[PDB]
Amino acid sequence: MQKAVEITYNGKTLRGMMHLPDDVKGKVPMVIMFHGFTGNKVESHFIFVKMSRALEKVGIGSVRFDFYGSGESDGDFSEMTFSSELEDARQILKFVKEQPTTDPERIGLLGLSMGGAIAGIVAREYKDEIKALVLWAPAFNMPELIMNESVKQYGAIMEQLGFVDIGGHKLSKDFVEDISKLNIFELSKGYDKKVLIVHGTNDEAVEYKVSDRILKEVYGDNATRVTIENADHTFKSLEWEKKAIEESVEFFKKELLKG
């Protein structure tokens, strides 16, 4: 079953979707999904919706919200910063924990690109109550990625405008200042539960090498990678998408359902 849900906090309203298994009523495992930069809760070629329905089938529920300033949620994109999305995330996890259908023992996190960076930080911040973590092409190098564009053109354009057009989105000065001061690798360092990284070798938004760094610097043996040969950033093909979803569902099955 699928229903729209809301969260209202600090005069901000977040809008999202909630899934629960049909044939398994009771208290269930839940996966929270965080979308990427300029993405939304449906995500690229509806891959998050597909993921929710795949989890539903094996008895795991999920929620996925639009961050403030994105998609269906309140706010202008120019009001959003990484930190503001981090705050959204905490409010989202709280929402999940308070559902009478939520098994508070078996809660997992999933994030794509910048949403993957959110997930890593949230997972660690709550390491004692997040049972598993899946990272899709995690943009742990986001601050660096953004800082480079700043020196290339953003800095110059922002100096003059206070923002930059990144394609029908007003990216504000406050975003670049906020994220320049953050290090995602470090804020994710220290999560001990199971971790799945899924990444396409041919990713051109978040280079595949970023996942090497994460395995090395951030997690130990608890982290495993699923490499998808030739795949682009959001796994933009039926078989790339199928692989990413099945591996992630299998992983969440083993980690959230058993014992």
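Start at 1 with the first residue shown and count on from there.
Enquirer: Looking only at CA atoms, which has the higher mean B factor in the entry: 70 to 78 or 170 to 178?
Expert: According to the entry, 170 to 178 carries the higher average C-alpha B-factor.
Enquirer: Where do the C-alpha atoms have the higher mean temperature factor in this entry, in 47 to 55 or in 22 to 30?
Expert: Of 22 to 30 and 47 to 55, the stretch with the higher C-alpha B-factor average is 22 to 30.
Enquirer: Go through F37, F65, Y208, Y191 one by one and give the residue whose Cα B-factor in the PDB entry is largest.
Expert: Of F37, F65, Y208, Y191, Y191 has the highest C-alpha B-factor.
Enquirer: Can you tell me which of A223, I60, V198, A231 has the maximum CA B-factor listed in the PDB entry?
Expert: Result of the comparison over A223, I60, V198, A231: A223.
Enquirer: Considering only modelled residues of the same chain, in which third does the CA B-factor of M158 rank: lowest, middle or highest?
Expert: Highest third - that is where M158 ends up once the chain's C-alpha B-factors are sorted.
Enquirer: For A4, return the chain-relative third of its C-alpha B-factor as stated in the PDB record: lowest, middle or highest.
Expert: Bottom third by C-alpha B-factor.
Enquirer: Using the B-factors in the PDB entry, rank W136's C-alpha atom against the chain and give the third, lowest, middle or highest.
Expert: Within its chain, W136 is a lowest-third residue by C-alpha B-factor, going by the deposited values.
Enquirer: Where does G115 sit by CA temperature factor within its chain: lowest, middle or highest third?
Expert: As the PDB entry reports it, the C-alpha B-factor of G115 lands in the lowest third of its chain.
Enquirer: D88: which third of its chain by C-alpha temperature factor?
Expert: According to the entry, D88 has a C-alpha B-factor in the chain's middle third.
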